[PDB]
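Listed below are the residues making up each chain.
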Amino acid sequence: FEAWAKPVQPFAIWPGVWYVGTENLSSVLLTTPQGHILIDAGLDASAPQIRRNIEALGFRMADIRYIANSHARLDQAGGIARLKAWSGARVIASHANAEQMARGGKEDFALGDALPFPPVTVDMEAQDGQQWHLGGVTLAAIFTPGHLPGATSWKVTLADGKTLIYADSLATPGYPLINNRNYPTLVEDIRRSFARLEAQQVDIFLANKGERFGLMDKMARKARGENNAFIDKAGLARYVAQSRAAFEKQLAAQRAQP
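Summarised in this report is the structure supplied together with it.

Examining the overall build of the protein chain
- Broken down by element type, the protein chain carries six helices and twelve strands.
- The C-alpha radius of gyration computed for the protein chain amounts to 17 Å, which stays within 12% of the reference 18 Å derived for 258 residues, consistent with globular compactness.
- Dimensions of the protein chain, computed from the C-alpha atoms along their principal axes, are close to 60 × 35 × 35 Å.
- A separation threshold of at least 6 residues defines the contact pool for the protein chain, and within that pool the share at least 24 residues apart is 65%.
- Total accessible area on the protein chain is roughly 11100 Å²; 50% of this is exposed by carbon and sulfur atoms.
- Mean positive and mean negative side-chain charge positions of the protein chain (28 and 25 charges, respectively) differ by 2 Å.

Given below as structure tokens:
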């Protein structure tokens, strides 16, 4: 997690959308005249850098009204506790992420207690399709389980009409996929999530890890003048198609075991 947590200069993804995360751990600040929304928070060790990034852009922590979480593991929810204690924002997450966040990431269906992080109490438990309206911006929950029982993707309708999807992970490394004791609906959930994300209309494709939406390349191009570097209308469909191909290959292999 050292390389992924290396600091990066914050920058504008698009008017009202700012990248404040690390080299590969996404954290996105959505700014409005009525307050701000932060999506994900890196590691607990990332929280200070994320706060500094937000303040380096010219914004203050007190104005953040909502912290939203994709999935409750230490590299996406790890910094939420401290960013919450610095901003007074309310945390938004699915019920399943809320439970795992309360136990500090323990009792992970796949990881057990291996990778804990500071516990957080979710303030608003999101339902699939639930909306939050903030200064002309609209935040919508898209339940995309599979990677975790409560894995959540986020759709943002911006003040200018552009649509932004923050895609959660669809990865299953080392997962027991067949008759999984702790997550019996895993395969059914992740396939429905493939269809759900592939159906989204999208102007701006982001994700919980920079590698999944080409953060580094698009950042370089926008720095060099390409103002539309993060307009990526085919990126989400490509991300799903590749995730699906990888998932079904892993499942076929497990199904072929003696």
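Re helix α6 (residues 235-255)
- Compared with an ideal rise of 1.5 Å per residue, which puts 21 residues at 30 Å, α6 spans 30 Å between its outermost C-alpha atoms and is within 8% of the ideal.
- Burial in α6 covers these residues: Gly-235, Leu-236, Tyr-239, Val-240, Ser-243, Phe-247 and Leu-251. Taken around the axis of α6, the buried residues stretch over an arc of 125 degrees, which confines them to a single face. Of the exposed residues in α6, the ones pointing more than 90 degrees away from its buried face are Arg-238, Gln-242, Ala-245 and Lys-249.
- Those residues of α6 that are buried lie in contact with β11 (163-167), α4 (186-198) and β12 (204-207).

What about a nonpolar patch on the surface?
- On the surface, a cluster of nonpolar side chains totalling about 340 Å² of accessible area is made up of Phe-1, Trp-4, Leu-111 and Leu-115.
- Along the chain, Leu-115 turns up in the loop between α3 (95-102) and β7 (124-126).
- In this structure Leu-115 comes out as partly exposed when scored by relative accessible area, which is 35%.

What about the sheet that holds strand β2 (residues 17-19)?
- In space, the seven strands of this open sheet follow the order β1-β2-β3-β4-β5-β6-β7, with mixed pairing throughout. Each edge of the sheet is formed by a strand with only one pairing partner; in this case those strands are β1 (11-14) and β7. Direction aside, neighbouring strands of the sheet carry axes that sit 25 degrees apart on average.
- In the sheet, strand β5 (residues 64-68) pairs with strand β6 (residues 90-94) via three bridges, with the strands oriented parallel. Bridge pairing in β6 links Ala-68 to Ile-92.

What counts and how
Residues numbered from 1 in each chain as written, not as in the entry; some residues may be left out. Heavy atoms only, no water. Helix = DSSP H or I, 4+ residues; strand = E, 2+ residues; numbered from the N terminus. Rg over C-alpha atoms; globule rule 2.2 N^0.38 Å. Contact = heavy atoms within 4.5 Å. Areas by Shrake-Rupley, 256 points an atom, 1.4 Å probe, with all protein chains shown as cover. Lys, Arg positive; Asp, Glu negative; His and termini not counted. Charge placed at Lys NZ, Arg CZ, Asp CG, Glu CD. Expected span 1.5 Å × (residues − 1). Buried < 20%, exposed > 50% of the residue type's maximum accessible area, 1.4 Å probe, protein only. Arc of directions from axis to C-beta. Patch = residues over 30% accessible without salt bridge, like charges linked within 9 Å, V, L, I, M, F, W, Y side chains within 5 Å. Salt bridge = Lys/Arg side-chain N within 4 Å of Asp/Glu carboxyl O. Pairing = 2+ DSSP bridges. Axes fitted to C-alpha atoms, helices over the stretch in contact; angles between N-to-C directions.

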